[PDB]
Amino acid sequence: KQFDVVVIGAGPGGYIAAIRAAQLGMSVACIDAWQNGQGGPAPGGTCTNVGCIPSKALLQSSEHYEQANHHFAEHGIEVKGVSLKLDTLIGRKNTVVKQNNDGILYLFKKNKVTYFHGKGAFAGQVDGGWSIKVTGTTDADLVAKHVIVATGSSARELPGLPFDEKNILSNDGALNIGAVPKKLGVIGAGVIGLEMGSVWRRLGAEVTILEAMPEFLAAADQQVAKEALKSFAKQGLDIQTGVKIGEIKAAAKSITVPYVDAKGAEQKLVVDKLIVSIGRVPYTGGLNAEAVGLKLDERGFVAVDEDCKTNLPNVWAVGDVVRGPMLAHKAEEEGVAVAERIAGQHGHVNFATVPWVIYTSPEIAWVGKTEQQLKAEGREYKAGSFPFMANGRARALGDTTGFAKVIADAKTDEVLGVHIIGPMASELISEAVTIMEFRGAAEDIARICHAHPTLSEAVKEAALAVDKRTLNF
């Protein structure tokens, strides 16, 4: 059948692109191959099925378990015992994932987006535009004037160590371990590795995280990374950076990771389960790109210009499969912008104001540039910081770890970056993204009324600190 737009993929980029295009009056088809455990439709891509949603769910349940075991007596809460029912914990997450799968199907129905459960591939050009063939769980021959490629990503594998999701786990297996492992190994100390390592440590595993890169969380503000590393060590996450990993061997019983530590001493990490979190790679498997001449760069990303247009007429690409931050909200921003451009509008995507969030305890969130980056560009700046120990709400909450930091241009006072480590950082950062979108100044934050007592007041005080006039520190 004929459509104005065919969207290949139903992850954050594709499902939103489809909905936005439908709002703009277009007949839209969205093709997605993801399957649930019983082989049925499971929209939402990586984020819903093996990504943001399930990882955030396990982080919350594991945080409650940590609270029950170590932080309730100080509140006058006495217990006779605490035990884990892992099937129920994993079960709640599975239910949330399913709710999200169903919810997206419902959204497609409401918006009259035609959903095809299967794999979509380019067949060629025809009179009506592009011929897209659907195979696998559904067979269909579609035609569309515009095609939006939103095929996403796959977990990067360590060379010679394929994932089996039983003992050698990607993000997929990490979210489905059937029993808390005695000893868990994690390769990669980036956002995903820290989150996954935190989950399982809280549930009872001894966790060791090995990172080949010498610098820990290099993209985070220096002050943030240092404080985070300190908190993670206290929590019991044995993080080792600057290591050289050898040939990993997965035997029936033990997985042995031989490595040379940072000091140059030989080591062997012996674990019951291993999670490998060393990045994401763009996915175009089965898209039949090469056949129609759709250009990919050397890393496998679909090549696009500033407006997400590929080399083929009326073929666009968004999300993890193209350049830029590999984040759900980035994919969604591009999906919306491409639908609007197809409709004849301008669209808006600005990577400079995309926020980054780590959902560990403490939470970490930032938007804009770090001090390191500003120094690298020779951009004169002033930074102000305020600790949660001095915040009334953090004190009342019983969680005073961390700080808020605002960095401004030394001459114009324009806010160039905001960095937060502490309670609810993921939510507090919204205010900073807003300020940056208006190209606001540190003094603007400092002069905006913040409700008392709230964690948000730390952002105001950090801004006051830029001008050496914090009121509560």
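Residue numbers run from 1 along the displayed sequence.
Participant: Taking the mean of the C-alpha B-factors per stretch from the entry, tell me the winner out of 37-45 and 428-436.
Facilitator: On average, C-alpha B-factors are higher across 37-45.
Participant: Mean C-alpha B factor from the entry: is it higher for 289-297 or for 152-160?
Facilitator: According to the PDB entry, the answer is 289-297.
Participant: Checking the entry, which one of 201, 263, 329, 369 has the top C-alpha B factor?
Facilitator: Most elevated C-alpha B-factor of the set, per the entry: 263.
Participant: Based on what the PDB entry reports, which of 317, 274, 140, 189 has the top C-alpha B-factor?
Facilitator: Of the candidates given, the C-alpha B-factor peaks at 140.
Participant: Using only modelled residues of the chain, where does the Cα B factor of residue 171 rank: lowest third, middle third or highest third?
Facilitator: Bottom third by C-alpha B-factor.
Participant: Select lowest, middle or highest to describe the third in which the CA B-factor of residue 55 falls within its chain in this entry.
Facilitator: According to the entry, residue 55 has a C-alpha B-factor in the chain's lowest third.
Participant: Against its chain's modelled residues, does residue 101's Cα B factor rank lowest, middle or highest third?
Facilitator: Residue 101: CA B-factor falls in the lowest third of its chain.
Participant: Sorting the chain's modelled residues by C-alpha B-factor, tell me whether residue 362 ends up in the lowest, middle or highest third.
Facilitator: Middle third.
Participant: Sort the modelled residues of this chain by their C-alpha B factor and say whether residue 193 lands in the lowest, middle or highest third.
Facilitator: Lowest third - that is where residue 193 ends up once the chain's C-alpha B-factors are sorted.
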